[PDB]
Amino acid sequence: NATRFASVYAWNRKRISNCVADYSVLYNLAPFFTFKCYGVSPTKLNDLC
Amino acid sequence: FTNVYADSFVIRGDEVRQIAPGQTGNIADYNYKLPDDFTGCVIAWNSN
Amino acid sequence: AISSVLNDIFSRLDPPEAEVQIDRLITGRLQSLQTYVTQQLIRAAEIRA
Amino acid sequence: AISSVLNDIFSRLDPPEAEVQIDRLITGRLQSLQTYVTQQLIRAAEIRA
Amino acid sequence: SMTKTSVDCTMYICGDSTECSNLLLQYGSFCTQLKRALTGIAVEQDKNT
């Protein structure tokens with residue numbers, strides 16, 4: 001949700017660990033232009049670890 | 001083929017790509033799903 | 001296949017995407033049985049001789 | 001497969017698309033190798049008697 | 001007796017490329033036991049003479 005981001009030559013790399021999350025507001029609820037996944041099933045994102 | 005079921009619905013352009021086999025979302029889960037063995041065509045036209 | 005465990009395939013991939021990877025894994029396990037039984041029939045022809 | 005040369009697959013097709021076409025050539029050479037060992041064990045049994 | 005033969009796994013399956021030998025780790029012991037089955041023929045050809 002941040003206004004200012006970084007560019008492709010140097011990005012902002014953040015580490016997220018030791019918490020719980022909710023992927024229903026990210027994936028199921030979708031006010032997003034493009035969501036894509038490759039090796040992980042996008043439906044089962046709340047299941048898998 | 002035996003018969004055709006024409007399902008007519010008006011859907012927004014952000015959610016229009018969720019009509020396909022194996023989709024999960026707002027419009028996909030709680031309204032209209034397709035199975036993996038479903039066979040048919042999807043015809044879209046700009047109604048704006 | 002991407003994994004050798006069937007619980008790590010179908011839960012980590014889509015049900016359209018799992019039908020490619022499981023059917024490669026069963027066909028590899030059918031060829032492991034075709035090397036075993038053919039080896040036992042040739043050794044049965046030696047041990048009955 | 002499209003080309004039987006493994007150098008023509010890697011220098012042309014995409015690396016997701018190369019792993020399908022190379023593994024068809026590996027599987028067909030193992031079935032010809034499984035054909036050769038199965039015949040030579042039976043010809044070893046015919047030359048034993 | 002017959003003619004004793006042996007099959008290399010590296011040169012017959014692969015086209016002497018580095019990408020083909022990395023894909024044989026998933027296939028594993030397929031060419032290992034077919035090499036040892038031809039070794040078991042060749043130790044019995046000297047015992048027939």
# chains A, B, ... in the order shown; residues from 1 in each chain; ligands from 1
$ calpha_fit_and_write --fixed "chain D" --moving "chain C" --output "PDB file with N, CA and C atoms, in the first residue's frame"
ATOM      1  N   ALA C   1      10.609 -35.617 -30.521  1.00  0.00           N
ATOM      2  CA  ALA C   1      11.155 -34.281 -30.344  1.00  0.00           C
ATOM      3  C   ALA C   1      11.256 -33.553 -31.683  1.00  0.00           C
ATOM      4  N   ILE C   2      11.420 -32.229 -31.598  1.00  0.00           N
ATOM      5  CA  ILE C   2      11.541 -31.395 -32.793  1.00  0.00           C
ATOM      6  C   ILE C   2      12.891 -31.628 -33.488  1.00  0.00           C
ATOM      7  N   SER C   3      13.922 -32.018 -32.738  1.00  0.00           N
ATOM      8  CA  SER C   3      15.207 -32.356 -33.331  1.00  0.00           C
ATOM      9  C   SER C   3      15.810 -33.530 -32.573  1.00  0.00           C
ATOM     10  N   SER C   4      16.669 -34.276 -33.266  1.00  0.00           N
ATOM     11  CA  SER C   4      17.348 -35.422 -32.678  1.00  0.00           C
ATOM     12  C   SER C   4      18.720 -35.077 -32.113  1.00  0.00           C
ATOM     13  N   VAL C   5      19.137 -33.819 -32.203  1.00  0.00           N
ATOM     14  CA  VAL C   5      20.430 -33.367 -31.703  1.00  0.00           C
ATOM     15  C   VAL C   5      20.178 -32.493 -30.481  1.00  0.00           C
ATOM     16  N   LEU C   6      20.879 -32.786 -29.376  1.00  0.00           N
ATOM     17  CA  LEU C   6      20.675 -32.047 -28.130  1.00  0.00           C
ATOM     18  C   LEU C   6      21.241 -30.632 -28.190  1.00  0.00           C
ATOM     19  N   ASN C   7      22.181 -30.370 -29.102  1.00  0.00           N
ATOM     20  CA  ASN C   7      22.618 -28.998 -29.329  1.00  0.00           C
ATOM     21  C   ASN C   7      21.603 -28.215 -30.154  1.00  0.00           C
ATOM     22  N   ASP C   8      20.731 -28.909 -30.890  1.00  0.00           N
ATOM     23  CA  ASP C   8      19.691 -28.253 -31.672  1.00  0.00           C
ATOM     24  C   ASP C   8      18.367 -28.141 -30.925  1.00  0.00           C
ATOM     25  N   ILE C   9      18.315 -28.536 -29.656  1.00  0.00           N
ATOM     26  CA  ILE C   9      17.097 -28.416 -28.861  1.00  0.00           C
ATOM     27  C   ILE C   9      17.246 -27.255 -27.888  1.00  0.00           C
ATOM     28  N   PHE C  10      18.262 -27.340 -27.017  1.00  0.00           N
ATOM     29  CA  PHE C  10      18.445 -26.372 -25.936  1.00  0.00           C
ATOM     30  C   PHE C  10      18.860 -25.000 -26.466  1.00  0.00           C
ATOM     31  N   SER C  11      19.587 -24.964 -27.582  1.00  0.00           N
ATOM     32  CA  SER C  11      19.926 -23.685 -28.193  1.00  0.00           C
ATOM     33  C   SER C  11      18.801 -23.123 -29.053  1.00  0.00           C
ATOM     34  N   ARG C  12      17.882 -23.960 -29.530  1.00  0.00           N
ATOM     35  CA  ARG C  12      16.778 -23.487 -30.356  1.00  0.00           C
ATOM     36  C   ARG C  12      15.468 -23.314 -29.595  1.00  0.00           C
ATOM     37  N   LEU C  13      15.430 -23.628 -28.301  1.00  0.00           N
ATOM     38  CA  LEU C  13      14.215 -23.471 -27.511  1.00  0.00           C
ATOM     39  C   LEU C  13      14.540 -22.783 -26.192  1.00  0.00           C
ATOM     40  N   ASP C  14      13.480 -22.347 -25.511  1.00  0.00           N
ATOM     41  CA  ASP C  14      13.606 -21.745 -24.194  1.00  0.00           C
ATOM     42  C   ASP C  14      13.977 -22.809 -23.158  1.00  0.00           C
ATOM     43  N   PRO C  15      14.683 -22.429 -22.090  1.00  0.00           N
ATOM     44  CA  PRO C  15      14.968 -23.384 -20.990  1.00  0.00           C
ATOM     45  C   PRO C  15      13.738 -23.856 -20.214  1.00  0.00           C
ATOM     46  N   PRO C  16      12.618 -23.102 -20.115  1.00  0.00           N
ATOM     47  CA  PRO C  16      11.371 -23.820 -19.782  1.00  0.00           C
ATOM     48  C   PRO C  16      10.860 -24.722 -20.895  1.00  0.00           C
ATOM     49  N   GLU C  17      11.029 -24.331 -22.159  1.00  0.00           N
ATOM     50  CA  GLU C  17      10.497 -25.127 -23.260  1.00  0.00           C
ATOM     51  C   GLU C  17      11.367 -26.328 -23.608  1.00  0.00           C
ATOM     52  N   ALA C  18      12.644 -26.328 -23.213  1.00  0.00           N
ATOM     53  CA  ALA C  18      13.509 -27.456 -23.546  1.00  0.00           C
ATOM     54  C   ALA C  18      13.305 -28.639 -22.613  1.00  0.00           C
ATOM     55  N   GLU C  19      12.714 -28.420 -21.433  1.00  0.00           N
ATOM     56  CA  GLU C  19      12.584 -29.501 -20.458  1.00  0.00           C
ATOM     57  C   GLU C  19      11.474 -30.477 -20.829  1.00  0.00           C
ATOM     58  N   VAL C  20      10.557 -30.070 -21.705  1.00  0.00           N
ATOM     59  CA  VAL C  20       9.585 -31.008 -22.252  1.00  0.00           C
ATOM     60  C   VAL C  20      10.224 -31.875 -23.334  1.00  0.00           C
ATOM     61  N   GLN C  21      10.980 -31.257 -24.248  1.00  0.00           N
ATOM     62  CA  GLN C  21      11.435 -31.958 -25.448  1.00  0.00           C
ATOM     63  C   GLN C  21      12.642 -32.852 -25.173  1.00  0.00           C
ATOM     64  N   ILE C  22      13.477 -32.487 -24.196  1.00  0.00           N
ATOM     65  CA  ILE C  22      14.627 -33.321 -23.851  1.00  0.00           C
ATOM     66  C   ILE C  22      14.174 -34.550 -23.065  1.00  0.00           C
ATOM     67  N   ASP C  23      13.193 -34.375 -22.169  1.00  0.00           N
ATOM     68  CA  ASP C  23      12.711 -35.484 -21.344  1.00  0.00           C
ATOM     69  C   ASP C  23      11.856 -36.471 -22.136  1.00  0.00           C
ATOM     70  N   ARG C  24      11.312 -36.054 -23.282  1.00  0.00           N
ATOM     71  CA  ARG C  24      10.739 -37.024 -24.208  1.00  0.00           C
ATOM     72  C   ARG C  24      11.824 -37.777 -24.964  1.00  0.00           C
ATOM     73  N   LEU C  25      12.968 -37.133 -25.207  1.00  0.00           N
ATOM     74  CA  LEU C  25      14.018 -37.746 -26.012  1.00  0.00           C
ATOM     75  C   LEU C  25      14.858 -38.726 -25.199  1.00  0.00           C
ATOM     76  N   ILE C  26      15.046 -38.462 -23.901  1.00  0.00           N
ATOM     77  CA  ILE C  26      15.793 -39.387 -23.050  1.00  0.00           C
ATOM     78  C   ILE C  26      14.959 -40.636 -22.774  1.00  0.00           C
ATOM     79  N   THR C  27      13.640 -40.457 -22.609  1.00  0.00           N
ATOM     80  CA  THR C  27      12.718 -41.565 -22.351  1.00  0.00           C
ATOM     81  C   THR C  27      12.578 -42.461 -23.583  1.00  0.00           C
ATOM     82  N   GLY C  28      12.699 -41.876 -24.776  1.00  0.00           N
ATOM     83  CA  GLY C  28      12.801 -42.684 -25.980  1.00  0.00           C
ATOM     84  C   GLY C  28      14.135 -43.403 -26.095  1.00  0.00           C
ATOM     85  N   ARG C  29      15.204 -42.797 -25.571  1.00  0.00           N
ATOM     86  CA  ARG C  29      16.500 -43.464 -25.546  1.00  0.00           C
ATOM     87  C   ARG C  29      16.660 -44.420 -24.369  1.00  0.00           C
ATOM     88  N   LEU C  30      15.855 -44.275 -23.311  1.00  0.00           N
ATOM     89  CA  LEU C  30      15.846 -45.300 -22.271  1.00  0.00           C
ATOM     90  C   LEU C  30      15.100 -46.548 -22.723  1.00  0.00           C
ATOM     91  N   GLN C  31      14.051 -46.388 -23.535  1.00  0.00           N
ATOM     92  CA  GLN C  31      13.328 -47.544 -24.059  1.00  0.00           C
ATOM     93  C   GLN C  31      14.110 -48.271 -25.144  1.00  0.00           C
ATOM     94  N   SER C  32      15.042 -47.588 -25.814  1.00  0.00           N
ATOM     95  CA  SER C  32      15.915 -48.273 -26.759  1.00  0.00           C
ATOM     96  C   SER C  32      16.955 -49.119 -26.039  1.00  0.00           C
ATOM     97  N   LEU C  33      17.347 -48.717 -24.829  1.00  0.00           N
ATOM     98  CA  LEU C  33      18.238 -49.542 -24.024  1.00  0.00           C
ATOM     99  C   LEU C  33      17.495 -50.686 -23.348  1.00  0.00           C
ATOM    100  N   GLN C  34      16.198 -50.517 -23.070  1.00  0.00           N
ATOM    101  CA  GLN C  34      15.433 -51.600 -22.460  1.00  0.00           C
ATOM    102  C   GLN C  34      15.076 -52.684 -23.469  1.00  0.00           C
ATOM    103  N   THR C  35      15.076 -52.363 -24.765  1.00  0.00           N
ATOM    104  CA  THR C  35      14.924 -53.410 -25.769  1.00  0.00           C
ATOM    105  C   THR C  35      16.238 -54.135 -26.029  1.00  0.00           C
ATOM    106  N   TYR C  36      17.374 -53.473 -25.792  1.00  0.00           N
ATOM    107  CA  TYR C  36      18.665 -54.081 -26.099  1.00  0.00           C
ATOM    108  C   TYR C  36      19.087 -55.077 -25.025  1.00  0.00           C
ATOM    109  N   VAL C  37      18.955 -54.696 -23.751  1.00  0.00           N
ATOM    110  CA  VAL C  37      19.491 -55.497 -22.651  1.00  0.00           C
ATOM    111  C   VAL C  37      18.599 -56.713 -22.392  1.00  0.00           C
ATOM    112  N   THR C  38      17.285 -56.559 -22.603  1.00  0.00           N
ATOM    113  CA  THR C  38      16.341 -57.670 -22.462  1.00  0.00           C
ATOM    114  C   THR C  38      16.534 -58.701 -23.577  1.00  0.00           C
ATOM    115  N   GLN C  39      16.931 -58.240 -24.769  1.00  0.00           N
ATOM    116  CA  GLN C  39      17.259 -59.150 -25.865  1.00  0.00           C
ATOM    117  C   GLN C  39      18.562 -59.899 -25.595  1.00  0.00           C
ATOM    118  N   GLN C  40      19.508 -59.262 -24.899  1.00  0.00           N
ATOM    119  CA  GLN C  40      20.774 -59.927 -24.602  1.00  0.00           C
ATOM    120  C   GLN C  40      20.636 -60.932 -23.463  1.00  0.00           C
ATOM    121  N   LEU C  41      19.677 -60.723 -22.554  1.00  0.00           N
ATOM    122  CA  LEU C  41      19.499 -61.659 -21.444  1.00  0.00           C
ATOM    123  C   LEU C  41      18.771 -62.923 -21.884  1.00  0.00           C
ATOM    124  N   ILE C  42      17.876 -62.807 -22.869  1.00  0.00           N
ATOM    125  CA  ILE C  42      17.180 -63.979 -23.392  1.00  0.00           C
ATOM    126  C   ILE C  42      18.122 -64.800 -24.270  1.00  0.00           C
ATOM    127  N   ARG C  43      18.997 -64.123 -25.022  1.00  0.00           N
ATOM    128  CA  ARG C  43      20.027 -64.821 -25.789  1.00  0.00           C
ATOM    129  C   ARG C  43      21.132 -65.378 -24.896  1.00  0.00           C
ATOM    130  N   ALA C  44      21.311 -64.824 -23.690  1.00  0.00           N
ATOM    131  CA  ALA C  44      22.224 -65.441 -22.730  1.00  0.00           C
ATOM    132  C   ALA C  44      21.625 -66.711 -22.142  1.00  0.00           C
ATOM    133  N   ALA C  45      20.296 -66.764 -22.017  1.00  0.00           N
ATOM    134  CA  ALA C  45      19.644 -67.978 -21.539  1.00  0.00           C
ATOM    135  C   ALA C  45      19.641 -69.067 -22.604  1.00  0.00           C
ATOM    136  N   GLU C  46      19.686 -68.681 -23.880  1.00  0.00           N
ATOM    137  CA  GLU C  46      19.787 -69.664 -24.951  1.00  0.00           C
ATOM    138  C   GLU C  46      21.215 -70.171 -25.114  1.00  0.00           C
ATOM    139  N   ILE C  47      22.209 -69.293 -24.952  1.00  0.00           N
ATOM    140  CA  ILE C  47      23.582 -69.705 -25.222  1.00  0.00           C
ATOM    141  C   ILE C  47      24.168 -70.470 -24.026  1.00  0.00           C
ATOM    142  N   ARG C  48      23.632 -70.272 -22.814  1.00  0.00           N
ATOM    143  CA  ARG C  48      24.056 -71.093 -21.684  1.00  0.00           C
ATOM    144  C   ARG C  48      23.322 -72.425 -21.651  1.00  0.00           C
ATOM    145  N   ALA C  49      22.172 -72.517 -22.321  1.00  0.00           N
ATOM    146  CA  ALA C  49      21.518 -73.809 -22.479  1.00  0.00           C
ATOM    147  C   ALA C  49      22.250 -74.662 -23.505  1.00  0.00           C
TER     148      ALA C  49
END
$ residues_around --residues "stretch 31-48 of chain B" --least-positions-apart "4" --cutoff "8 Å" --atoms "only C-alpha atoms" --output "list in words"
residues 19, 20, 21, 22, 23 and 27 of chain B; 15 and 16 of chain C
$ residues_around --residues "residue A:33" --least-positions-apart "3" --cutoff "12 Å" --atoms "only C-alpha atoms" --output "list in words"
residues 26, 27, 30 and 36 of chain A; 13, 14, 15, 16 and 17 of chain B
$ select_by_dssp --residues "stretch 3-37 of chain C" --states "alpha helix (DSSP H)" --output "ChimeraX atom specification"
/C:7-10,18-37
$ interface_residues --of "chain A" --to "chain C" --cutoff "10 Å" --atoms "only C-alpha atoms" --output "PDB file with N, CA and C atoms, in the first residue's frame"
ATOM      1  N   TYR A  38       3.275 -19.362 -10.630  1.00  0.00           N
ATOM      2  CA  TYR A  38       3.986 -20.305 -11.491  1.00  0.00           C
ATOM      3  C   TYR A  38       4.093 -21.679 -10.843  1.00  0.00           C
ATOM      4  N   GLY A  39       4.943 -21.851  -9.830  1.00  0.00           N
ATOM      5  CA  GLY A  39       5.152 -23.151  -9.226  1.00  0.00           C
ATOM      6  C   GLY A  39       4.208 -23.521  -8.107  1.00  0.00           C
ATOM      7  N   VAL A  40       3.506 -22.548  -7.535  1.00  0.00           N
ATOM      8  CA  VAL A  40       2.577 -22.774  -6.436  1.00  0.00           C
ATOM      9  C   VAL A  40       1.167 -22.633  -6.994  1.00  0.00           C
ATOM     10  N   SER A  41       0.263 -23.510  -6.552  1.00  0.00           N
ATOM     11  CA  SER A  41      -1.164 -23.367  -6.807  1.00  0.00           C
ATOM     12  C   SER A  41      -1.684 -22.079  -6.173  1.00  0.00           C
ATOM     13  N   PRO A  42      -2.263 -21.157  -6.954  1.00  0.00           N
ATOM     14  CA  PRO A  42      -2.751 -19.892  -6.375  1.00  0.00           C
ATOM     15  C   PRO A  42      -3.994 -20.040  -5.513  1.00  0.00           C
ATOM     16  N   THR A  43      -4.745 -21.131  -5.658  1.00  0.00           N
ATOM     17  CA  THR A  43      -5.933 -21.349  -4.843  1.00  0.00           C
ATOM     18  C   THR A  43      -5.560 -21.773  -3.427  1.00  0.00           C
ATOM     19  N   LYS A  44      -4.479 -22.534  -3.303  1.00  0.00           N
ATOM     20  CA  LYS A  44      -4.054 -23.194  -2.077  1.00  0.00           C
ATOM     21  C   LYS A  44      -3.016 -22.401  -1.286  1.00  0.00           C
ATOM     22  N   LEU A  45      -2.830 -21.109  -1.610  1.00  0.00           N
ATOM     23  CA  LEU A  45      -1.849 -20.240  -0.944  1.00  0.00           C
ATOM     24  C   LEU A  45      -2.085 -20.093   0.559  1.00  0.00           C
ATOM     25  N   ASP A  47      -3.296 -22.535   2.357  1.00  0.00           N
ATOM     26  CA  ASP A  47      -3.035 -23.870   2.889  1.00  0.00           C
ATOM     27  C   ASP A  47      -1.543 -24.119   3.105  1.00  0.00           C
ATOM     28  N   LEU A  48      -0.756 -24.012   2.031  1.00  0.00           N
ATOM     29  CA  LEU A  48       0.637 -24.449   1.982  1.00  0.00           C
ATOM     30  C   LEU A  48       1.550 -23.596   2.862  1.00  0.00           C
ATOM     31  N   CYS A  49       2.710 -24.165   3.181  1.00  0.00           N
ATOM     32  CA  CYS A  49       3.659 -23.586   4.119  1.00  0.00           C
ATOM     33  C   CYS A  49       4.968 -23.269   3.410  1.00  0.00           C
TER      34      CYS A  49
END
$ interface_residues --of "chain E" --to "chain D" --cutoff "7 Å" --atoms "only C-alpha atoms" --output "number ranges by chain"
E: 1, 13, 15, 34, 38, 41
$ write_last_selection --atoms "N, CA, C and O atoms" --output "mmCIF file, in the first residue's frame"
data_model
loop_
_atom_site.group_PDB
_atom_site.id
_atom_site.type_symbol
_atom_site.label_atom_id
_atom_site.label_comp_id
_atom_site.auth_asym_id
_atom_site.auth_seq_id
_atom_site.Cartn_x
_atom_site.Cartn_y
_atom_site.Cartn_z
ATOM 1 N N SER E 1 29.815 -69.722 -26.567
ATOM 2 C CA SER E 1 29.830 -68.382 -25.999
ATOM 3 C C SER E 1 29.452 -67.353 -27.055
ATOM 4 O O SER E 1 29.439 -67.636 -28.256
ATOM 5 N N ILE E 13 23.110 -42.035 -23.881
ATOM 6 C CA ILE E 13 21.894 -41.304 -23.533
ATOM 7 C C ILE E 13 22.033 -39.826 -23.885
ATOM 8 O O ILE E 13 21.092 -39.207 -24.401
ATOM 9 N N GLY E 15 24.110 -36.292 -25.554
ATOM 10 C CA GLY E 15 24.813 -35.784 -26.716
ATOM 11 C C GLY E 15 26.077 -35.016 -26.384
ATOM 12 O O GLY E 15 26.451 -34.104 -27.133
ATOM 13 N N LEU E 34 20.974 -51.662 -15.685
ATOM 14 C CA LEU E 34 21.090 -52.229 -17.024
ATOM 15 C C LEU E 34 22.549 -52.408 -17.422
ATOM 16 O O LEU E 34 22.863 -53.257 -18.263
ATOM 17 N N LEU E 38 24.328 -56.383 -17.936
ATOM 18 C CA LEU E 38 25.261 -56.781 -18.984
ATOM 19 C C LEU E 38 26.600 -57.214 -18.401
ATOM 20 O O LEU E 38 27.356 -57.938 -19.057
ATOM 21 N N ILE E 41 25.982 -60.857 -17.614
ATOM 22 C CA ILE E 41 26.133 -61.703 -18.793
ATOM 23 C C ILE E 41 27.608 -62.003 -19.036
ATOM 24 O O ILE E 41 27.991 -63.156 -19.279
#
$ decode --residues "stretch 18-44 of chain D" --atoms "N, CA, C and O atoms" --output "JSON list (two decimals), in the first residue's frame"
[["chain", "number", "residue", "atom", "x", "y", "z"],
["D", 18, "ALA", "N", 12.54, -26.30, -23.34],
["D", 18, "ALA", "CA", 13.61, -27.24, -23.69],
["D", 18, "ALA", "C", 13.53, -28.51, -22.85],
["D", 18, "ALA", "O", 13.92, -29.59, -23.31],
["D", 19, "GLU", "N", 13.00, -28.41, -21.62],
["D", 19, "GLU", "CA", 13.00, -29.55, -20.71],
["D", 19, "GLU", "C", 11.92, -30.57, -21.07],
["D", 19, "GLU", "O", 11.98, -31.72, -20.62],
["D", 20, "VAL", "N", 10.93, -30.17, -21.88],
["D", 20, "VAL", "CA", 9.99, -31.14, -22.42],
["D", 20, "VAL", "C", 10.63, -31.92, -23.56],
["D", 20, "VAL", "O", 10.53, -33.15, -23.62],
["D", 21, "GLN", "N", 11.33, -31.22, -24.46],
["D", 21, "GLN", "CA", 11.83, -31.84, -25.69],
["D", 21, "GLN", "C", 13.08, -32.68, -25.45],
["D", 21, "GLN", "O", 13.33, -33.63, -26.20],
["D", 22, "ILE", "N", 13.89, -32.33, -24.44],
["D", 22, "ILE", "CA", 15.07, -33.13, -24.12],
["D", 22, "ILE", "C", 14.65, -34.43, -23.43],
["D", 22, "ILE", "O", 15.16, -35.51, -23.75],
["D", 23, "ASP", "N", 13.66, -34.35, -22.53],
["D", 23, "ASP", "CA", 13.24, -35.52, -21.76],
["D", 23, "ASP", "C", 12.43, -36.52, -22.58],
["D", 23, "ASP", "O", 12.26, -37.67, -22.16],
["D", 24, "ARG", "N", 11.92, -36.12, -23.75],
["D", 24, "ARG", "CA", 11.39, -37.09, -24.69],
["D", 24, "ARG", "C", 12.51, -37.89, -25.35],
["D", 24, "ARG", "O", 12.33, -39.07, -25.67],
["D", 25, "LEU", "N", 13.67, -37.26, -25.56],
["D", 25, "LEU", "CA", 14.79, -37.96, -26.18],
["D", 25, "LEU", "C", 15.52, -38.85, -25.18],
["D", 25, "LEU", "O", 16.15, -39.83, -25.57],
["D", 26, "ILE", "N", 15.46, -38.51, -23.89],
["D", 26, "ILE", "CA", 16.10, -39.35, -22.87],
["D", 26, "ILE", "C", 15.27, -40.61, -22.64],
["D", 26, "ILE", "O", 15.81, -41.71, -22.51],
["D", 27, "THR", "N", 13.94, -40.46, -22.66],
["D", 27, "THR", "CA", 13.03, -41.58, -22.39],
["D", 27, "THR", "C", 13.01, -42.57, -23.55],
["D", 27, "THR", "O", 12.93, -43.79, -23.34],
["D", 28, "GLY", "N", 13.17, -42.07, -24.78],
["D", 28, "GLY", "CA", 13.21, -42.96, -25.94],
["D", 28, "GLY", "C", 14.51, -43.72, -26.06],
["D", 28, "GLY", "O", 14.55, -44.82, -26.62],
["D", 29, "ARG", "N", 15.61, -43.15, -25.55],
["D", 29, "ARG", "CA", 16.87, -43.88, -25.54],
["D", 29, "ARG", "C", 16.93, -44.89, -24.40],
["D", 29, "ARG", "O", 17.65, -45.89, -24.50],
["D", 30, "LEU", "N", 16.19, -44.66, -23.31],
["D", 30, "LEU", "CA", 16.13, -45.65, -22.24],
["D", 30, "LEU", "C", 15.24, -46.83, -22.61],
["D", 30, "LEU", "O", 15.47, -47.95, -22.15],
["D", 31, "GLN", "N", 14.21, -46.60, -23.43],
["D", 31, "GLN", "CA", 13.37, -47.70, -23.89],
["D", 31, "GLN", "C", 14.07, -48.55, -24.94],
["D", 31, "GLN", "O", 13.80, -49.75, -25.06],
["D", 32, "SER", "N", 14.98, -47.94, -25.71],
["D", 32, "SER", "CA", 15.80, -48.72, -26.63],
["D", 32, "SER", "C", 16.91, -49.45, -25.88],
["D", 32, "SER", "O", 17.36, -50.51, -26.31],
["D", 33, "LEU", "N", 17.35, -48.88, -24.75],
["D", 33, "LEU", "CA", 18.32, -49.57, -23.91],
["D", 33, "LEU", "C", 17.66, -50.70, -23.13],
["D", 33, "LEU", "O", 18.28, -51.75, -22.90],
["D", 34, "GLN", "N", 16.39, -50.53, -22.75],
["D", 34, "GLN", "CA", 15.64, -51.59, -22.08],
["D", 34, "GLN", "C", 15.29, -52.71, -23.07],
["D", 34, "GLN", "O", 15.14, -53.87, -22.67],
["D", 35, "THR", "N", 15.18, -52.37, -24.35],
["D", 35, "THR", "CA", 14.96, -53.38, -25.39],
["D", 35, "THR", "C", 16.22, -54.23, -25.60],
["D", 35, "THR", "O", 16.13, -55.45, -25.79],
["D", 36, "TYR", "N", 17.40, -53.61, -25.48],
["D", 36, "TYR", "CA", 18.65, -54.31, -25.79],
["D", 36, "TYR", "C", 19.06, -55.25, -24.67],
["D", 36, "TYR", "O", 19.61, -56.33, -24.93],
["D", 37, "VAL", "N", 18.81, -54.87, -23.41],
["D", 37, "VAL", "CA", 19.21, -55.70, -22.28],
["D", 37, "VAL", "C", 18.28, -56.91, -22.14],
["D", 37, "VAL", "O", 18.72, -58.02, -21.81],
["D", 38, "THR", "N", 16.99, -56.72, -22.49],
["D", 38, "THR", "CA", 16.00, -57.79, -22.40],
["D", 38, "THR", "C", 16.24, -58.87, -23.46],
["D", 38, "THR", "O", 16.08, -60.07, -23.19],
["D", 39, "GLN", "N", 16.71, -58.47, -24.64],
["D", 39, "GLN", "CA", 17.05, -59.44, -25.68],
["D", 39, "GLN", "C", 18.34, -60.19, -25.35],
["D", 39, "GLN", "O", 18.43, -61.40, -25.59],
["D", 40, "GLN", "N", 19.34, -59.50, -24.79],
["D", 40, "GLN", "CA", 20.63, -60.14, -24.56],
["D", 40, "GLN", "C", 20.63, -61.03, -23.32],
["D", 40, "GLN", "O", 21.52, -61.88, -23.18],
["D", 41, "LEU", "N", 19.66, -60.87, -22.42],
["D", 41, "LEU", "CA", 19.52, -61.82, -21.32],
["D", 41, "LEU", "C", 18.86, -63.11, -21.78],
["D", 41, "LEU", "O", 19.16, -64.19, -21.26],
["D", 42, "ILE", "N", 17.97, -63.02, -22.77],
["D", 42, "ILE", "CA", 17.31, -64.22, -23.30],
["D", 42, "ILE", "C", 18.25, -64.97, -24.23],
["D", 42, "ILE", "O", 18.30, -66.21, -24.22],
["D", 43, "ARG", "N", 19.08, -64.25, -24.99],
["D", 43, "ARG", "CA", 20.11, -64.89, -25.81],
["D", 43, "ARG", "C", 21.24, -65.46, -24.96],
["D", 43, "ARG", "O", 21.93, -66.39, -25.40],
["D", 44, "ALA", "N", 21.45, -64.92, -23.76],
["D", 44, "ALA", "CA", 22.35, -65.57, -22.80],
["D", 44, "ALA", "C", 21.74, -66.84, -22.23],
["D", 44, "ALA", "O", 22.48, -67.76, -21.88]]
